[PDB]
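Asker: Have a look at this fold, sequence not included:
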Ligand SMILES: CN(Cc1ccccc1)C(=S)S
Ligand SMILES: [Zn+2]
């Protein structure tokens, strides 16, 4: 099965998922000097006040904090988006070292991790149908750098002991994802894909310019997770990121000058 190891990592994925070499794959490098400011891009609207988190799951390649997406409770709208996109889950990608871990890069700079807040277009009725559509998903990507702690992340860090291994889940209610957002909503946007198999080309990427800072202790706790199941040989869940893919026939747009 696919993974992030030597024999099943990103360079292998195309054998089971040929779209890996497609025309709108993610992540990409964001060349800040060639991104074009688009004055017609609307401000992003992030409406998370009624978000209802349900649980947290180690799925063998990341941990997902899952939300009730059966009503319009936590939605993303505006920006490059037409219509309303509902929050279904968030997860992170991170490194074995503070010098790598993000999937998008900024002028080739790698951050220590990257948060993906995953939303699906309500016109398609559920996530599974949405991923089959070119405008099915909107993923808000936020870079993490190591420095000061992010207090709003700590409840996530502290439950990771309970989901160390693949397939473990824990109740995780009343978590407020507003505590993971930077001050500014300035962003870059482009059409791309999921960054894990099945690599479907269904994502409008909205990548925030401003990173959040997390502490070294916080990211160290991410690195104690396991890719394996309980009772299987221990392999630390680190470097669960795909490298940058060719931009091909795409232009990254900026919401800011
Ligand atoms: C939705 N995904 C794929 C994914 C699903 C679960 C955990 C990690 C990644 C994107 S990378 S935004
Ligand atoms: Zn992701």
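Answerer: Structure received. Numbers count the residues shown, from 1 in each chain. Ligands and ions are numbered 1, 2, ... in the order given.
Asker: hey, let's count contacts and neighbours off CA atoms from now on
Answerer: OK.
Asker: Ligand 1 contacts on the chain?
Answerer: 62, 64, 91, 116, 118, 139, 194-196 (Cα under 6 Å from any ligand atom).
Asker: now, the most widely separated pair of those residues?
Answerer: With Cα to Cα as the measure, no two of the residues of the chain next to ligand 1 lie farther apart than 62 and 139, at 15.8 Å.
Asker: out of those two, which sits in the more crowded spot?
Answerer: residue 139 (25 against 22; other Cα atoms under 10 Å).
Asker: Which element, helix or strand, includes the nearest residue to that one once chain neighbours are set aside?
Answerer: Nearest-residue entry for residue 139: residue 118, 4.7 Å, with adjacent residues in sequence omitted and distances by Cα to Cα, 6 or more residues apart in numbering. Element membership for residue 118 (DSSP states H and E) is strand 113-121.
Asker: Just give the number of residues close to residue 199.
Answerer: Taking other Cα under 10 Å as the neighbour definition, residue 199 ends up with a count of 23.
Asker: thought residue 67 was touching residue 56?
Answerer: No - shown here, residue 67 and residue 56 do not form a contact pair, counting by Cα atoms under 8 Å, at 9.2 Å.
Asker: Which other helices and strands does the helix or strand harbouring residue 219 contact?
Answerer: Element membership for residue 219, per DSSP H and E: helix 216-222. Applying 3 or more Cα pairs under 8 Å, 6 or more residues apart in numbering; DSSP states H and E, one finds that helix 216-222 contacts helix 154-159.
Asker: Could I get the buried residue list for the helix it packs on?
Answerer: Of the residues in helix 154-159, residue 156 count as buried by neighbour count, 16 or more other Cα atoms under 10 Å.
Asker: What of stretch 24-43?
Answerer: Buried residues in stretch 24-43, counting neighbours by 16+ other Cα under 10 Å, are found at 24-30, 35-36, 41.
Asker: centre of the chain versus that stretch, how much separation?
Answerer: On the basis of Cα atoms, centre = their mean, to the nearest Å, the separation between the geometric centre of stretch 24-43 and that of its chain is 17 Å.
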